[PDB]
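Source file: target-v5.pdb; contents: PDB, C-alpha atoms (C1' of nucleotides).
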```
ATOM      1  CA  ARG A 284     -40.978  26.519  42.625
ATOM      2  CA  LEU A 285     -38.325  24.254  44.150
ATOM      3  CA  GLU A 286     -40.566  23.473  47.127
ATOM      4  CA  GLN A 287     -43.498  22.607  44.858
ATOM      5  CA  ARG A 288     -41.396  20.361  42.612
ATOM      6  CA  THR A 289     -39.742  18.592  45.551
ATOM      7  CA  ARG A 290     -43.097  18.059  47.277
ATOM      8  CA  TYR A 291     -44.561  16.574  44.093
ATOM      9  CA  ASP A 292     -41.570  14.256  43.672
ATOM     10  CA  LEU A 293     -41.702  13.201  47.334
ATOM     11  CA  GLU A 294     -45.421  12.418  47.105
ATOM     12  CA  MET A 295     -44.809  10.407  43.934
ATOM     13  CA  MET A 296     -42.031   8.467  45.683
ATOM     14  CA  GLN A 297     -44.188   7.784  48.744
ATOM     15  CA  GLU A 298     -47.230   6.628  46.767
ATOM     16  CA  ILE A 299     -45.826   4.788  43.736
ATOM     17  CA  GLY A 300     -42.068   4.635  44.254
ATOM     18  CA  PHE A 301     -40.563   5.620  40.908
ATOM     19  CA  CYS A 302     -41.382   8.192  38.235
ATOM     20  CA  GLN A 303     -39.772  10.709  35.895
ATOM     21  CA  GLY A 304     -37.098  12.847  37.515
ATOM     22  CA  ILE A 305     -36.053  10.179  40.028
ATOM     23  CA  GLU A 306     -32.526  10.373  38.583
ATOM     24  CA  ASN A 307     -31.882  13.760  40.222
ATOM     25  CA  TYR A 308     -32.011  12.144  43.690
ATOM     26  CA  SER A 309     -29.447   9.428  42.939
ATOM     27  CA  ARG A 310     -27.083  10.598  45.686
ATOM     28  CA  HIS A 311     -29.845  10.501  48.302
ATOM     29  CA  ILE A 312     -31.152   7.142  47.065
ATOM     30  CA  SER A 313     -27.767   5.395  47.003
ATOM     31  CA  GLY A 314     -26.563   7.068  50.207
ATOM     32  CA  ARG A 315     -23.285   8.191  48.639
ATOM     33  CA  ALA A 316     -21.271  10.903  50.344
ATOM     34  CA  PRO A 317     -21.390  14.346  48.688
ATOM     35  CA  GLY A 318     -18.926  14.685  45.832
ATOM     36  CA  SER A 319     -18.471  10.931  45.377
ATOM     37  CA  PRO A 320     -18.460   9.590  41.806
ATOM     38  CA  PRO A 321     -21.401   7.391  40.790
ATOM     39  CA  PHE A 322     -21.070   3.670  40.236
ATOM     40  CA  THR A 323     -20.527   2.818  36.574
ATOM     41  CA  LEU A 324     -19.939  -0.115  34.225
ATOM     42  CA  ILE A 325     -16.255  -0.032  35.192
ATOM     43  CA  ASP A 326     -17.282  -0.731  38.790
ATOM     44  CA  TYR A 327     -19.229  -3.765  37.553
ATOM     45  CA  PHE A 328     -16.041  -5.125  35.989
ATOM     46  CA  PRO A 329     -13.605  -7.070  38.189
ATOM     47  CA  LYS A 330     -10.631  -5.150  39.542
ATOM     48  CA  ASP A 331      -8.271  -7.220  37.342
ATOM     49  CA  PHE A 332      -9.924  -6.229  34.050
ATOM     50  CA  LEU A 333      -8.271  -4.974  30.867
ATOM     51  CA  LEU A 334      -9.278  -1.761  29.090
ATOM     52  CA  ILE A 335      -8.668  -0.967  25.414
ATOM     53  CA  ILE A 336      -9.419   2.451  23.907
ATOM     54  CA  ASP A 337      -9.894   2.486  20.132
ATOM     55  CA  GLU A 338      -8.988   5.763  18.407
ATOM     56  CA  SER A 339      -7.683   7.170  21.675
ATOM     57  CA  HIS A 340      -6.783  10.632  20.345
ATOM     58  CA  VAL A 341     -10.502  11.181  19.689
ATOM     59  CA  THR A 342     -12.061   9.054  22.443
ATOM     60  CA  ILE A 343     -10.190  10.616  25.381
ATOM     61  CA  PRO A 344     -11.390  14.222  24.789
ATOM     62  CA  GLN A 345     -14.897  12.792  24.437
ATOM     63  CA  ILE A 346     -14.507  11.209  27.879
ATOM     64  CA  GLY A 347     -13.207  14.483  29.300
ATOM     65  CA  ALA A 348     -15.937  16.730  27.901
ATOM     66  CA  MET A 349     -18.956  14.959  29.444
ATOM     67  CA  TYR A 350     -18.495  16.254  32.993
ATOM     68  CA  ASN A 351     -18.012  19.855  31.864
ATOM     69  CA  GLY A 352     -21.049  19.669  29.589
ATOM     70  CA  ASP A 353     -23.266  18.180  32.294
ATOM     71  CA  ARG A 354     -22.137  20.738  34.878
ATOM     72  CA  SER A 355     -22.714  23.616  32.452
ATOM     73  CA  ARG A 356     -26.204  22.308  31.682
ATOM     74  CA  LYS A 357     -27.140  21.811  35.346
ATOM     75  CA  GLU A 358     -25.649  25.045  36.721
ATOM     76  CA  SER A 359     -28.521  27.167  35.405
ATOM     77  CA  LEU A 360     -31.104  24.688  36.706
ATOM     78  CA  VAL A 361     -29.715  24.580  40.249
ATOM     79  CA  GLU A 362     -29.026  28.331  40.329
ATOM     80  CA  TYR A 363     -32.623  29.323  39.506
ATOM     81  CA  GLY A 364     -34.115  27.071  42.200
ATOM     82  CA  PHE A 365     -35.420  24.307  39.927
ATOM     83  CA  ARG A 366     -33.492  21.311  41.309
ATOM     84  CA  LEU A 367     -31.840  20.618  44.641
ATOM     85  CA  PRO A 368     -28.074  21.246  44.911
ATOM     86  CA  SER A 369     -27.626  17.487  45.375
ATOM     87  CA  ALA A 370     -28.493  17.031  41.680
ATOM     88  CA  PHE A 371     -24.890  17.958  40.825
ATOM     89  CA  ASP A 372     -23.789  14.478  41.936
ATOM     90  CA  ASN A 373     -25.831  12.808  39.162
ATOM     91  CA  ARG A 374     -22.930  13.432  36.808
ATOM     92  CA  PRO A 375     -20.632  11.440  34.521
ATOM     93  CA  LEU A 376     -17.204  10.535  35.833
ATOM     94  CA  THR A 377     -14.459  13.114  35.479
TER      95      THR A 377
ATOM     96  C1'  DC B   1    -164.830 -31.583 -10.373
ATOM     97  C1'  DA B   2    -163.715 -27.126 -13.899
ATOM     98  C1'  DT B   3    -164.818 -22.532 -14.647
ATOM     99  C1'  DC B   4    -164.808 -17.637 -13.833
ATOM    100  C1'  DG B   5    -162.841 -12.392 -11.210
ATOM    101  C1'  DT B   6    -159.487  -4.806 -13.814
ATOM    102  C1'  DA B   7    -151.038  -5.289 -11.804
ATOM    103  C1'  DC B   8    -151.087  -9.290  -4.340
ATOM    104  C1'  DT B   9    -148.742  -9.826   0.625
ATOM    105  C1'  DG B  10    -145.151 -11.332   3.375
ATOM    106  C1'  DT B  11    -140.393 -13.347   4.327
ATOM    107  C1'  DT B  12    -135.239 -14.566   2.558
ATOM    108  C1'  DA B  13    -130.336 -14.353  -0.498
ATOM    109  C1'  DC B  14    -126.916 -10.992  -2.476
ATOM    110  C1'  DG B  15    -124.261  -6.894  -3.741
ATOM    111  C1'  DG B  16    -122.836  -2.212  -2.366
ATOM    112  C1'  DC B  17    -121.846   1.515   1.727
ATOM    113  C1'  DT B  18    -120.361   2.869   6.056
ATOM    114  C1'  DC B  19    -118.781   2.675  10.949
ATOM    115  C1'  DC B  20    -115.757   0.633  14.343
ATOM    116  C1'  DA B  21    -112.270  -2.399  16.714
ATOM    117  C1'  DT B  22    -107.428  -3.603  16.866
ATOM    118  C1'  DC B  23    -102.661  -3.558  15.842
ATOM    119  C1'  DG B  24     -91.336   0.378  16.592
ATOM    120  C1'  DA B  25     -87.752   1.162  13.537
ATOM    121  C1'  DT B  26     -83.776   3.568  11.227
ATOM    122  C1'  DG B  27     -80.493   6.889  10.625
ATOM    123  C1'  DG B  28     -77.640  10.780  12.559
ATOM    124  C1'  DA B  29     -74.705  12.810  16.001
ATOM    125  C1'  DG B  30     -71.862  13.169  20.185
ATOM    126  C1'  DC B  31     -68.730  10.869  23.467
ATOM    127  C1'  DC B  32     -65.357   7.444  25.471
ATOM    128  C1'  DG B  33     -61.556   4.438  25.167
ATOM    129  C1'  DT B  34     -57.509   2.945  22.440
ATOM    130  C1'  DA B  35     -54.106   3.046  19.041
ATOM    131  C1'  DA B  36     -51.141   6.060  16.078
ATOM    132  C1'  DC B  37     -48.131   9.946  14.797
ATOM    133  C1'  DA B  38     -45.357  14.247  15.224
ATOM    134  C1'  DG B  39     -42.106  17.135  17.859
ATOM    135  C1'  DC B  40     -29.074  21.661  25.360
ATOM    136  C1'  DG B  41     -23.981  22.013  26.447
ATOM    137  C1'  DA B  42     -18.837  21.022  26.243
ATOM    138  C1'  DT B  43     -14.830  19.210  23.998
ATOM    139  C1'  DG B  44     -11.373  17.804  20.861
TER     140       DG B  44
END
```
Produce structure tokens that represent the structure in this file.
Amino acid sequence: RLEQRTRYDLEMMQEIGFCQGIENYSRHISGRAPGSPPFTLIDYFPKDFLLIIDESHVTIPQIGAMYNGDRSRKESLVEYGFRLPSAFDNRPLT
DNA sequence: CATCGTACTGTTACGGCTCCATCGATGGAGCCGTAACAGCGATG
């Protein structure tokens, strides 16, 4: 199943260039090293920017929970041979 | 020019009968293309 899905995605990339499911190969596309965090809106901001968190006692746990939720969702997919192991890097920042 | 002789022949108009030539369109159904609509997990 993994081979069939990857072959279909590779053919779609070679012929057209972009399609659904292209987000799972973000690490390969951007050339990032394994385990590196993805570029985000904070990276777009200048290094001398100012950050304000409104209702911090609620916002901060929301920031924390995204990575755990995404990893829990993707663990079953990667385990059962549906997506490549590199799909773990298409994750929100810890 | 006058009179007489036991119901005369042939050729044309006109009405009725019959044969023959001459002559796509509309609604229903199926299909294609296009627009429209409905229908996981972790944390505090």
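Considering the residues A:365, A:337, A:372, A:290 and counting only C-alpha atoms, residue 353 in chain A has its shortest atom-to-atom contact with A:372.
Closest to chain B among A:298, A:358, A:306, A:326 is A:358, based on all atoms listed in the file.
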Can you write out as CSV which residues of chain B fall within 8 Å of chain A, alongside each residue's closest atom pair and its distance in Å to one decimal, counting only C-alpha atoms (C1' of nucleotides) and ordering rows by chain and ascending residue number?
```
residue,atom,partner,partner_atom,distance
B:40,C1',A:356,CA,7.0
B:41,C1',A:352,CA,4.9
B:42,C1',A:352,CA,4.2
B:43,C1',A:348,CA,4.8
B:44,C1',A:344,CA,5.3
```
Next on the checklist: Quick check, in Å to one decimal: how far apart do CA of residue 332 in chain A and CA of residue 375 in chain A lie?
Outcome noted: 20.7 Å
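Taking CA of residue 319 in chain A and CA of residue 304 in chain A as endpoints, the distance between them is 20.3 Å.
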Would you pick out the contacts of range 292-295 of chain A at 12 Å or less, using only C-alpha atoms (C1' of nucleotides), so that residues sharing its chain but fewer than 3 positions from it are not included, and give the list as a compact mmCIF listing (two decimals) with C-alpha atoms, in the frame of the given file?
```txt
# COMPACT_ATOMS: atom_id res chain seq x y z
CA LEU A 285 -38.33 24.25 44.15
CA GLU A 286 -40.57 23.47 47.13
CA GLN A 287 -43.50 22.61 44.86
CA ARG A 288 -41.40 20.36 42.61
CA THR A 289 -39.74 18.59 45.55
CA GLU A 298 -47.23 6.63 46.77
CA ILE A 299 -45.83 4.79 43.74
CA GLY A 300 -42.07 4.64 44.25
CA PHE A 301 -40.56 5.62 40.91
CA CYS A 302 -41.38 8.19 38.24
CA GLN A 303 -39.77 10.71 35.90
CA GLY A 304 -37.10 12.85 37.52
CA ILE A 305 -36.05 10.18 40.03
CA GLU A 306 -32.53 10.37 38.58
CA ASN A 307 -31.88 13.76 40.22
CA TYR A 308 -32.01 12.14 43.69
CA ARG A 366 -33.49 21.31 41.31
CA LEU A 367 -31.84 20.62 44.64
```
